[PDB]
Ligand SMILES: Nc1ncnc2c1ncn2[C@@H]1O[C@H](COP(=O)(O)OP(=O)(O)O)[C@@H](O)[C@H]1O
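As a starting point, one isolated chain is supplied in structure tokens, in the form solved without adenosine-5'-diphosphate.
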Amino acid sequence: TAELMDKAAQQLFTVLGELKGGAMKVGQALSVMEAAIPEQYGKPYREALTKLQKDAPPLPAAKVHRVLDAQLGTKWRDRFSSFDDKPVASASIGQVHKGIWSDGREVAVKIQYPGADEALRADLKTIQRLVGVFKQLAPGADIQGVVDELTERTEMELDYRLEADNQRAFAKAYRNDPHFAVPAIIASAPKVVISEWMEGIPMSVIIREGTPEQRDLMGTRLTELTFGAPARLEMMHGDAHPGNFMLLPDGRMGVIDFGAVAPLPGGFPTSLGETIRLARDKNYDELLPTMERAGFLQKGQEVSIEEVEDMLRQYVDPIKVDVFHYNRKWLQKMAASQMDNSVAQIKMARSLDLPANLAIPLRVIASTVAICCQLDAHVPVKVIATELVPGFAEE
């Protein structure tokens, strides 16, 4: 009901508002939920998130210098023609400065925030408590996946060298690509990563103020990145935030943050594309056994065709048409509770028999979809899935 909705909204904003000091990671991680919760909460929600990242104190220049000393060595300044002490932005667990390398190249220097591990912990339990709230505000959305990602990052060490290696992997896979640009890695260390500076319009800016063409283009690029990275280098860019992306003057999307890259050995399983095609064809005779074999449906659990159609609708709708209009209203409709009790709501992303190489794709797809809806992007999902998603193309 509307009253329970009000209750949950109150609780959410209470928790967010009580957080003073640092909750940067929470504020980022919660972005995917923004276009899913009821519109009447959209404005304060955004604001809350913004504040969580505003009230996060920047690293003083002296502290930054000490990190650079510890990570790169006493003579770190010798690596630079110049270094700008005033931070230009914040990316995940890092503060970004601009500099000029000794060879003249403009560079981005990302310095990890010192207390970051413990920060990630406190923020994880923060989100954990909010799962109930979100399940009330947007039952059709997957807050559990947000918790899952955060948990998977509290899980290992925050070694920027891994991030840098993954960035190099993408830079190699997308070298001279007509649609994507990846900044070249220049140097790395557990708490520092230095790359070539990349100039463009931040996606967050496009989400707020972009022309229809800019919005459509960025959504289309993100969709191609999501469907294509597994085929091109057996990874996914991963749980994304608009801060990860920018629009370059030459029409390419720049990808500047790789902190959430997920390995996907073998790429997309064919069962994913097959499942969506069969669902669109309403070929239930083949669909249900395909899903049970793949793990989309838990084995031994009786489900109706109507329940299956409901669970697949969010994946099928965008490829029913040549160009799908991702938008907040559609997403908010997907996330909302059921009208009545006619069909039970089963989330196949949450299936108990779902293997990791299906779980990760579903999570990253949902991230991408959320961002496309925030962008209000028109995307030719159908042709992109036909080209890139195994098993989706007609046989």
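C-alpha atoms forming the largest set that superposes within 1.5 Å between two forms make up the rigid core. When you see a residue number, it is the position in the sequence shown, counting from 1.
Per-stretch averaging of Cα B factors for 180 to 188 and 149 to 157 places 149 to 157 on top.
Stretches 17 to 25 and 371 to 379 differ in mean CA B factor, with 17 to 25 having the higher one. Per the PDB entry, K347 shows the highest C-alpha temperature factor of the residues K329, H65, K347, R363. Across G243, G200, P289, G300, the greatest Cα temperature factor reported in the deposited entry is at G300. Sorting the modelled residues of the chain by their CA temperature factor places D69 in the lowest third. When the modelled residues of the chain are ordered by C-alpha B-factor, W101 sits in the middle third. Looking at the C-alpha B-factors along this chain, the one for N283 belongs to the middle third. In the deposited entry, the Cα temperature factor of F170 places it in the lowest third of its chain's modelled residues. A2: CA B factor in the highest third of modelled residues in this chain (values from the PDB entry).
Absent from the display: the form solved in complex with adenosine-5'-diphosphate. The rest refers to it.
Site accessibility, blocked: after C-alpha superposition of the site, adenosine-5'-diphosphate as positioned in the entry with it bound shows three or more atoms within 2.4 Å of the backbone or C-beta atoms of the displayed chain.
Among the residues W197, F324, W101, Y174, the one placing a heavy atom within 4.5 Å of adenosine-5'-diphosphate in the entry with it bound is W197.
Put simply, of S90, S271, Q136, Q214 only one has a heavy atom within 4.5 Å of adenosine-5'-diphosphate in the entry with it bound, and it is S90. In the entry with it bound, none of the heavy atoms of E149 sits within 4.5 Å of a heavy atom of adenosine-5'-diphosphate. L130 falls outside the set of residues with a heavy atom inside 4.5 Å of adenosine-5'-diphosphate in the entry with it bound. The shortest heavy atom separation between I256 and adenosine-5'-diphosphate in the entry with it bound is within 4.5 Å.
adenosine-5'-diphosphate in the entry with it bound comes within 4.5 Å of a heavy atom belonging to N244.
With adenosine-5'-diphosphate left out of view, the stretch that reaches within 4.5 Å of it through heavy atoms in the entry with it bound is, among 226 to 234, 136 to 144, 256 to 264, 284 to 292, 256 to 264.
Scanning 107 to 131 for heavy atoms within 4.5 Å of adenosine-5'-diphosphate in the entry with it bound gives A108, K110 in sequence order. When both forms sit on the same rigid core, the CA shifts between the shown form and the other one reach 2 angstroms or more only at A141 out of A279, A141, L272, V255. Once you line up the core between the shown form and the other one, the Cα of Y113 ends up 2 Å or more from where it was. Core-superposed comparison between the shown form and the other one: the C-alpha position of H325 differs by less than 2 Å. Annotation: Cα of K125 displaced by at least 2 Å between the shown form and the other one, core superposition. Shown here is a form in which the CA atoms of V146 and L247 lie at least 3 Å closer together than they do in the entry with it bound.
With a change of no less than 3 Å, the CA-CA distance between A370 and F134 is larger in the entry with it bound than in the form shown.
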